[PDB]
Each structure stands twice: as structure tokens, then as C-alpha cells.
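The chain below stands alone and is given as C-alpha cells, in the form deposited in one PDB entry.
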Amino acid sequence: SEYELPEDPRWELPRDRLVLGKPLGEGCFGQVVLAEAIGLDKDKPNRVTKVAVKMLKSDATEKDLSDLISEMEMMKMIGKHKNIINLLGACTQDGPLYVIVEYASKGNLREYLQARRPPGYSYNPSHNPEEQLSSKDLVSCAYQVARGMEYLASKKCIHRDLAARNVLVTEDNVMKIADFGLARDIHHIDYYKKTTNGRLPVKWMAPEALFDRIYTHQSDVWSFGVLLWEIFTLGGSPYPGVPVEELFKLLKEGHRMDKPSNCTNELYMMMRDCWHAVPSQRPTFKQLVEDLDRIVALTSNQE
């Protein structure tokens, strides 16, 4: 009420049409709760949709608020795509700011993959394992992420933290890139500081991002290579046993993670190409999409 929150009639949802439910997850993407929205779709005003609702914490500063507004406005400018988390609406009047986005019921991609490990990869940590993925399913996962990044890059959006923990999976097994709308911090950052889930984002950074804080579409392609490695280890942890100060050394001297046990030579070579030392020599997302499209069609669904 103290601030001028922007009301956009095309996106604004009355507060009374949002039935809030349980908090979602452990807060990696903010204070997010599950909800049911009534009549999100103006042609179907009596139908309910499950949605995720982002809000600010109790300790939120004016900086946290401006960031959430900016994230909302950035999602509008980027537009809709099947393979990103899409904006569905917002509540800016008669209460705290709510930003309403698509709900992904199967967790992030790392958790999705780990729960589908065969009991025979590292162990399956889920107490209720889910059915194993085919080789085609895994390549299709990579294809969908590539398609989401190709769309984001076409809108001049650089993700800067592309990783399996930032891909969410819907009930229909659609991959959606998350947390792309975020303004870049104006301060320098700590290379050793984990997120709230304890991830160590330096292991997804291209060397030019590591050493000189240069982020481009080409550095997202490097991260995509790390994500491909995460997919074919079914949620593995990159650079196992390598401390940060080692990692800096190792990348400079030109080594790269070893191929996952269950990964074709062709997909490993795509990983290695994404990890070209020279940014200009990496594939583009346009090329990756085309190549993964072809690989999906040729990859067996039988094992």
C-alpha cells in the first residue's frame, strides 16, 4: 500500500479467485505456495487451475519488492514458451504482491532424475521410486531444455545459472526453465557460497564467467553442457571431489569431466563442444536444438 504497485488489467487476478494452499518446497525460488486459481482463463470462469504463487517474505526490503516487480515485468516481455515457467497472472491490489506462475508438480530435474534411477548410477535416494526413463526420454529432456534456452536466447535473455536444479518438471513431464527473469546482481559474489539447497553454482560457470564475470549466450551453452552431464548421470553432482580452488586450476589447464558411464560418444562430444575453452567455438542453442532433434528421433525407446 505504501508503494505504487503496477496494475496490468490483462494480468491482474482478483484476490478472491486465489485459494492458497501448502508452501511448495524449501524456498529455493522464494516464498512459493501452491494454489488454485478460479477463472484464470476468462472463457472458463468456473474452472480451477493449480498454480504456483510467489510472494515476499516478512523481512522483505524495498529492494526485494522492486526485484519481484521487475521479474514479473521481465516475464511479460520475454513472452510465453512451452519449455519455460510461464507467467499466468498477478495480484497487486488489496494485499501483498502475488506473482502467479505455472505449477510443476514433479520437482526440479535433478530430483526428478534421481528418483528414477534404477536400483543398480549412484543410488536412488527416493523412498517412493518412479519408473525408469528410456534413453529417448533422456535425450528428449535435453531437447526440451535446449528449446527453452533457444527461445530465451532469441529474446536476448541470458540465464547465468542454467542447471538441473533450475529446470522444473510438470505433471505431464514437460521440462520448464525456471528463474530466468532475474536481474543480475550489481555486487561481486562469493565463489564458495551455496544456495539454500546447498548447490555450488560455480561448477556450472564457463571459465570467462568464472575469471572475468563475462556472461553471454555462449556461457549459457557451457552451462548447458554441464546440465547434459547431469541428465546422463541421472542427477549426478559435477566434478565429484574437486574443491573450488582446484576447479579454477583444472579448467584453465583444460580438463573436463569424464563421460558418464551410460552416455553415447556422440552426446559426450556434444558436452565437450559446449565446454570449448573459446566462447566463439561453442555451438549455439539453435544448433543444439537441431542436433538433439535428430538424436531424439534416432534414439531407442526400448532401453
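Numbering starts at 1 and follows the sequence shown. Note that the rigid core is defined as the largest set of C-alphas that superpose within 1.5 Å between two forms.
Not on display, but discussed next: the form deposited in another entry.
Q: State which of the options 217, 203, 81, 199 undergoes a Cα shift of 2 Å or more between this form and the one not shown, taking the core as fixed.
A: It is 199.
Q: Superpose the two forms on their rigid core, then report whether the C-alpha of residue 254 is displaced by 2 angstroms or more between this form and the one not shown.
A: No, its C-alpha moves less than 2 Å.
Q: Once the core is aligned, please say if the CA of residue 30 is shifted by at least 2 angstroms between this form and the one not shown.
A: It does, since the residue 30 C-alpha is displaced 2 Å or more between this form and the one not shown after the core fit.
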